Structure formats: C-alpha cells, structure tokens
Amino acid sequence: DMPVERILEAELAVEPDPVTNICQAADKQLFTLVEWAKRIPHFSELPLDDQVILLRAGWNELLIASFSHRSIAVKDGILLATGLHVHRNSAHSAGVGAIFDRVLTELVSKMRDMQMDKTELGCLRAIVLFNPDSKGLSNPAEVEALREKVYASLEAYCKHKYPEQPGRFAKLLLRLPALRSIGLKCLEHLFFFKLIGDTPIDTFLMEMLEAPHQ
Amino acid sequence: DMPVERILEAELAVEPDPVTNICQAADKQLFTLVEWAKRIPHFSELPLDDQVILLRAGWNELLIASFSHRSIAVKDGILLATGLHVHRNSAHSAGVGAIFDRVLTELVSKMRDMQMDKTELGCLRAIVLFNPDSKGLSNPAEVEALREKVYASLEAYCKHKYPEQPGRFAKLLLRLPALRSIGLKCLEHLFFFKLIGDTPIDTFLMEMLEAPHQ
Amino acid sequence: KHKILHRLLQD
Amino acid sequence: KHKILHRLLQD
Ligand SMILES: CC/C=C/C/C=C\C/C=C/C/C=C/C/C=C\C/C=C\CCC(=O)O
Ligand SMILES: CC/C=C/C/C=C\C/C=C/C/C=C/C/C=C\C/C=C\CCC(=O)O
C-alpha cells in the first residue's frame, strides 16, 4: 500500500547576499516540491483542498529536510538546489549564522553521522507531508492513516536494511522535533525579510507567505 | 539502567484572567519540575551546568506534556496543578483561544484517544528532558546516550504492555513535533505577557524568561 | 485562493 | 547566573 520503493522513486525523480540566493532556490524548489508530492502514494487522491493544506503546512520543513540531506558530504555548509554551496562563514556574515548553525548541528551533521539514506529521508518527508494536525483538513483521519502506513513501512525497511541498529527507526523520528523548530525559525526569518523590503521574494515563495482564508 | 519503573515512580511522586491563573500554576510547577527531574535516572549525576541547561531548554514542553495528560478526562478544557479547571470558552474570552485549541486538539485529545498511560508520559518527558541538541551542553553525547536508553526502554514497555498495537511506540514519539511547536508558541505568548506588563509573573517563571549568558 | 499552488496541483 | 534553578538543583 505504501511501498518504500515508491517513496525512494519520488526522491530520485526530484533530484536536481546568501539570503537572496537561498530565497531564490526556495522558490525554485517549491515547484519541484509539488511534483514530488504527486509521486508520493495516495497524495494526489486526497481532495484538492487538502493537498493544498498539507503542502502549505509542510513546505518549509520539507525543503529543509531536502537541502540538509543533500548537504551531508559538505563541510560546514549546505548545497543549494541551484548548485551553489553556502558556507557557514557566509551565513554568519549575512546575519543568519545562528539558524544556519542549528541546521548544520541538528540536521546535517546528524544525518551524516548515522548515514541516513534516501529511502529514510523520503519516508521522513512523507510523514511530514501527511501531517494530520494541519488545520482545515476535510478528513484528518485519512491523512493520519496515510502517515501510519508510511512509518510502518519505514520501520520495516530499517529493521531489514539495518538489523544491527535496533534504535535507528526511533532515531530517525526523533529528528522531527528539531526539524519542526528549525522550520518555524526559518519561517520567522522569511517573514522579516519580506517585512524589511530588501531581499527579492519570488511569486511562489511569496504565495506561501500569504494568509490562508480563515 | 533506565527502568521505566523508576520513570513511573518519578511521575507518581510529583503528582499533585485565565492567563494569570495559568502563569501562577506554571511558576508553582517549575519547583515541582526540578524535583521530578532529580528522580529521573542519571539526571542528577550530570554536571550541574548541564542539568541547568536541560531544564531551561525543556521546561515549557515538560510542563505542557504534564497538564495535557492530566486533562485527559476533562471535556474541552484543561486541569491546572492548582485544581482549577480552565475551559476552552474561558481561554477564548482571554484572547488565547487559538493556542488553547492546539493543546486540546494536538495533545489532550490524542493522549485521550490512545489512552497514553503515565509510564509512557514519563518516558516521553524523560526524552524531552534529555535533549542532546540543547546548546552549551558540556557533553551532548552523554545526554544523547541517556535519551537512547529512555526510548529503548519505552519501546520495550509498549511492545510488552500493548502487543496488539505495533505502531504505538511511533505514535507516542510523533506527538513530540506538535509538543515542540506548541511549546514555542506558548513561550512567545509568555514573553508578550511580560512585555505588556499586565499579568503577574512570579520569580521562577520570570527567571526562565531571563537571557542565558551567551 | 492560493493561485499558483492550485494550478500546479490541478495539472 | 540562574539563581533559583541552581539553588534548587544544588540542594
Ligand atoms: C537555510 C535556512 C537558514 C538560513 C537563514 C536564511 C534563510 C531563511 C529562509 C527561510 C525559508 C524557509 C526555509 C526552507 C527552505 C528554503 C531555504 C533553503 C534552500 C532552498 C531550497 C534548496 O536549495 O534546496
Ligand atoms: C496553556 C497554554 C496556552 C494558553 C495561553 C496562555 C498560556 C501561555 C503561557 C506560557 C508558558 C508556557 C506554557 C507551559 C506551561 C505552563 C502553563 C500551563 C499550566 C501550568 C502548569 C500546571 O498547571 O500544570
């Protein structure tokens, strides 16, 4: 029903001022995010309004998980989807050093140390996508059901591919609180960049900063 | 090494304007939180500075997990440690309805629906306490080790006490991202109450709002 | 509503 | 530093 093979395929099919470049890349990746979500089992079957809600609720965490994992072999930096490497010194010199360091310390380095693979990344992102707590969902139980199927498949995968690591499944899930926190902080930064006026923000990224409709 | 029995004992030993009453109760529970942490295996063995860091980093989530679980049998409301029941209508009439509803929907109701027990609550709180991502930690690996022991014991407990529910362990861990988000939002509210000047904030709660020391 | 996202999901 | 918390943990 929720084959990790499909999730892995979704990841593989999507594979490609520092702040301005990061925002530029974020807008670009939002289009790709939609294509990725469509490839995730059963997502496109959900009603259109729920698909919108899930993507608007999880895009920032989804994009952060992606560039963090893409940056595993990068030292003290991150690799943007545009091919540009952004080093810690550059982020610090732009005034966003603290949040950049959290990404490196809480996400990139942890993914690197445990050698999180693309299948695991995919499943974690699918879990984030299928967030049953997203407000407005026409049928939260259905999304919750999908989430449960994803983590059931993920745990099965972990136990099979890494039998010598009994805590790997829990380890993967325990990076989600950090991802949630970092995602919220990155969003605050984005809103401030918008507020200041400087830093160009493209249409898709800008649309994500729009208010819902109550 | 990390017996769930000890964790359960810690929970049991600690057992006892809407905003003003909530803040009042929060200050009161902070003292109790320290006593609880001391009863959690190996916490008191960590260096004093790390104990401080862990408690300053997790107190809000720790307190939220506690009152949420205490409120399971409460309908559309929460039970404060002072014995006072705070209903949704009251929170809404005080201007904090949105965050109150998130607590009820994402935490209280979920805990109720799955019948999360005190041992599970205890383990989840212990995992939150032993947060290896807390900045300044003299030895993050040690805290991470403790966290791993807690969730290993928790999963063993779940599999034994609820063999018919194979996804229960993951279900419990997946409430942590919501807890992190809600904790951050509650903190923002507290800072605003402090900023406004109205709403009395007692010394311990106030100390938690103090800046660290870089 | 959210113009761009709807158009992309619809396609 | 954080006076109250230190005093409580010390005890
Ligand atoms: C990298 C985040 C921390 C640095 C501070 C500046 C960025 C704040 C921007 C906030 C928007 C939310 C972040 C989520 C994803 C987009 C940014 C990252 C890279 C773009 C996508 C890519 O290249 O893979
Ligand atoms: C209950 C939170 C939502 C309502 C809005 C008002 C509260 C904001 C206060 C923020 C402080 C952080 C919250 C964590 C814990 C303390 C508040 C809850 C109850 C006090 C402890 C208790 O009675 O068990």
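Order of listing sets the numbers, starting from 1, for every ligand and every atom in it. Just so you know, these numbers use all the heavy atoms, side chains as well, and skip hydrogens, waters and symmetry mates. The chains referred to below are lettered A, B, ... by the order of the sequence lines, with proteins before strands, and numbering in each begins at 1.
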TODO: Give the contacting part of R70(A) toward ligand 1: side chain, backbone, both or neither, where contact means a heavy-atom distance below 4.0 Å.
DONE: side chain

TODO: Verify, without hydrogens or angle tests, whether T199(B) (side chain) and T20(B) (backbone) share a donor-acceptor contact under 3.5 angstrom.
DONE: no

Open item on the list: If the contact criterion is a heavy-atom separation under 4.0 Å, does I64(B) count as touching ligand 2?
Closed with: yes

Open item on the list: Below 4.0 Å from ligand 2: does a non-hydrogen atom of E61(B) turn up there or not?
Closed with: no

Open item on the list: Checking a contact table here: which protein heavy atom is nearest atom 16 (C) of ligand 2, and how many Å away?
Closed with: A26(B) CB, 3.5 Å

TODO: For atom 23 (O) of ligand 2, state which one of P18(B), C23(B), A81(B) supplies the nearest heavy atom.
DONE: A81(B)

Open item on the list: Tell me the contacting part of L80(A) for ligand 1: side chain, backbone, both, or neither, using a 4.0 Å heavy-atom threshold, strictly below.
Closed with: both

Task: For atom 18 (C) of ligand 1, the option (of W59(A), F67(A), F192(A)) bearing the nearest heavy atom - done: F67(A)

TODO: Look at atom 17 (C) of ligand 2 and find which of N21(B), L79(B), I22(B) reaches it with the closest heavy atom.
DONE: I22(B)

Open item on the list: Checking a contact table here: which protein heavy atom is nearest atom 15 (C) of ligand 2, and how many Å away?
Closed with: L63(B) CB, 3.5 Å

Task: Check: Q51(A) side chain, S44(A) main-chain N or O, donor-acceptor pair, under 3.5 Å - done: yes

TODO: Examine ligand 1 and decide if any of its atoms is less than 4.0 Å from a heavy atom belonging to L187(A).
DONE: no

- [ ] Identify the protein heavy atom lying closest to atom 21 (C) of ligand 1, giving its residue, its atom name and the separation to 0.1 Å.
- [x] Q29(A) CG, 3.6 Å

TODO: Give the ring-plane orientation class for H6(C) versus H2(C), where under 30° counts as parallel, over 60° as perpendicular and anything between as tilted.
DONE: parallel

Task: Side-chain donor/acceptor of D202(A) to backbone N/O of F204(A), under 3.5 Å - done: no

TODO: Among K171(B), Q115(B), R168(B), find the one that has a side chain to side chain donor-acceptor pair (under 3.5 Å) with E120(B).
DONE: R168(B)

